[PDB]
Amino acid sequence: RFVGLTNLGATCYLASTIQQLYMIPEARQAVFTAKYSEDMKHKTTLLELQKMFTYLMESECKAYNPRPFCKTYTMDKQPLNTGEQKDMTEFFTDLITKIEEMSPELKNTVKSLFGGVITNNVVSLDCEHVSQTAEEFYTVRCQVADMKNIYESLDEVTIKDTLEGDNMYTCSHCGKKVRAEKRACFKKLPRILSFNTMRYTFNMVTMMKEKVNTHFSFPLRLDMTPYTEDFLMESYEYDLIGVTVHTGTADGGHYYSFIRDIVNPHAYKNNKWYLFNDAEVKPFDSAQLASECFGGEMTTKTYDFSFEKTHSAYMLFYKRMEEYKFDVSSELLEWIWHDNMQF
């Protein structure tokens, strides 16, 4: 009843990313109504992104094979390797950056939709000065190890740190390093706020990255008030629409997503959730959000023995709080219509 995305070999991350973008209606309509130019950058990708987004919506089939998309997708410098496991949040920044760079219409859409501004402020203890600046962001990383929830993380992200010792300030108006307390906080929050629960630590004895599997919860409705520049120094309540789960260890894994249907008003008003796993989309009972995304330990009845959960949320998607008509290229609809007729 939803259309999935065929795995080309190792495009777990890509399916998770495309489907979440697809399910945010502002961005679906944004990709649809994007006006093709001649010297616009990533023309082939926006073009292939449109066919995919239309096929996802109007096709009668189970899955869209994203190969036409992937054969023209370029990452860093070289073309995309469909056999290379990748970090979902990395591919997410890659694609959001491209879409931003396509047309100034899209850039203003992407920045307003996914972009935010941190203001972090340095104040000197042995001086008379202050240097608060600005930072742009798309995704907010959250500490997971030794944290019980995302409220604890944000409390640490917006903490009052003390620049001292080996990490002294260098007051630019004083040519000397100074005791300073710096703290970040959010000035402009995006409409779609993304978090990156970094579930890994680098082990110093074994020289190796180590995936973090401890319990880490996040609310269904989030209140961002205590981390806004108005509270320190419109609405800040958000609703969880998406979780990107990573299953596996630090050497590699597999991806899948629990996305909320915020389009169909009846599905949205009754909290209907769906599991997007590559070529497979199935309904999802939100009662098991905690089990499937929070981590911790499970028990089973092996034969009783308790292990650590290696499947947990790597990325969260919240929409700010406040029946969609999509305008899609009629030439594309007849494309999908011709194919639909066989099934």
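All residue numbers are counted from 1 along the displayed sequence.
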Quiz item: What number of deposited residues lacks coordinates in the span between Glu322 and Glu323: none, 1 to 3, 4 to 9, or 10 or more?
Solution: 4 to 9
Exercise. For the stretch from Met233 to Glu234, please bin the deposited residues that the model skips: none, 1 to 3, 4 to 9, or 10 or more.
Key: 10 or more
Practice problem: Between 215-223 and 74-82, name whichever shows the higher mean Cα B factor according to the PDB entry. | Solution: 74-82
Self-check item: Mean C-alpha B-factor comparison - 182-190 and 239-247, higher one
Solution: 182-190
Exercise. Have a look at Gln143, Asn271, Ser103, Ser257 and flag the one whose Cα has the highest B-factor in the entry.
Key: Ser103
Exercise. Select one of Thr201, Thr89, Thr197, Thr170: the residue whose C-alpha shows the highest B-factor in the crystal structure entry.
Key: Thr170
Quiz item: Is the Cα B-factor recorded for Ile24 in the lowest, middle or highest third of its chain?
Solution: middle
Practice problem: Taking the chain's C-alpha temperature factors as the reference, tell me which third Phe284 falls into: lowest, middle or highest. | Solution: lowest
Quiz item: With respect to C-alpha B-factor, does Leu95 fall in the lowest, middle or highest third of the chain as deposited?
Solution: lowest
Quiz item: Would the CA B-factor of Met207 place it in the lowest, middle or highest third of its chain?
Solution: highest
Quiz prompt | Ranked against its chain, the third holding the CA B-factor of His311 | solution = lowest
